[PDB]
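Participant: In the deposited numbering, the protein residues as written are -4 to 122. Note that beta-carbon positions come from the ideal geometry of N, C-alpha and C, so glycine has one too. My questions will all concern the structure given below.
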Amino acid sequence: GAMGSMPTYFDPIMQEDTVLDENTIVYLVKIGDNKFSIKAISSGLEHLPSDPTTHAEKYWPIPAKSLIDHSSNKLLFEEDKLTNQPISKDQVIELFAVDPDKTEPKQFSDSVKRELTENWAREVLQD
Ligand code: NA
Ligand code: NA
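Given below as structure tokens:
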């Protein structure tokens, strides 16, 4: 119509629909056997301990450009909004060229909680 649209995702960080661009953090998590979910967040890949909506600790990185280039695919987007429905391993291979069951995932870091714990312990023992 008169109004355009851009692909958006519901950002768990700010709890708001957010325009997807090349600065969006995008990754895959596994939520079941042959069931994977595409996630997008505005920040936090290096600081969060797990994925916000599933608390998955393991993920497969996906370039934002790959998701943007599929923005008209009805599997991933419904009315220009990122789907919350899972996709099969075959669909993952077809859309993103990654076999997750044959690729080592990355893991969210535990560094922030470790630093918090060390900060408390040092404060206890200082005067
Ligand atoms: Na954290
Ligand atoms: Na989290």
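For a test of the three-state rule: what should DSSP assign to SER61, helix, strand or coil?
Facilitator: In this structure, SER61 counts as helix in the three-state DSSP scheme.
Participant: Quick check on the contact list: which residues have their beta carbon closer than 7 Å to a heavy atom of ligand 2?
Facilitator: Checking every Cβ against the heavy atoms of ligand 2 under 7 Å gives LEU43, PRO44, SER45, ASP46, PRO47 and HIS50.
Participant: Determine the contact status of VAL14 and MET(-2), defining contact as a CB-CB distance below 7 Å.
Facilitator: Their beta carbons are not under 7 Å apart, which means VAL14 does not touch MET(-2) by this criterion.
Participant: In or out: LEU90 buried (at least 16 other Cβ within 10 Å) or exposed?
Facilitator: Classification of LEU90: buried, given that the 10 Å Cβ count is 16 or more.
Participant: What residues match up with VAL119 in a beta bridge as DSSP calls it?
Facilitator: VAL119 pairs with nothing; no bridge assigned.
Participant: My assumption, with CB atoms under 8 Å, is that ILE36 sits in contact with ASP64. Please give the rounded CB distance.
Facilitator: Wrong, their Cβ atoms sit about 19 Å apart, outside the cutoff.
Participant: Can you tell me whether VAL87 sits near ligand 1, meaning its C-beta is under 6 Å from at least one heavy atom of the ligand?
Facilitator: No, since every heavy atom of ligand 1 falls outside the 6 Å radius drawn around the Cβ of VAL87.
Participant: Using a Cβ distance threshold of 8 Å, determine whether the stretch 113 to 121 contacts the stretch 66 to 78, with at least three qualifying pairs required.
Facilitator: With a cut-off of 8 Å, the stretch 66 to 78 and the stretch 113 to 121 do not count as touching, because too few Cβ pairs lie within range.
Participant: Let me know the secondary structure DSSP gives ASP85 once reduced to three states.
Facilitator: Residue state, collapsed to three classes: helix.
Participant: Going by Cα to Cα distance, which pick from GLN10, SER66 and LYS30 is closest to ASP16?
Facilitator: Out of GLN10, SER66 and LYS30, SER66 has the C-alpha closest to the C-alpha of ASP16.
Participant: Looking at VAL21 and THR49, is the spacing between their C-beta atoms short of 7 Å?
Facilitator: Not closer than 7 Å, so no.
Participant: Using a threshold of 7 Å, state whether the C-beta atoms of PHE31 and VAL87 are closer than that.
Facilitator: Contact flag set, yes.
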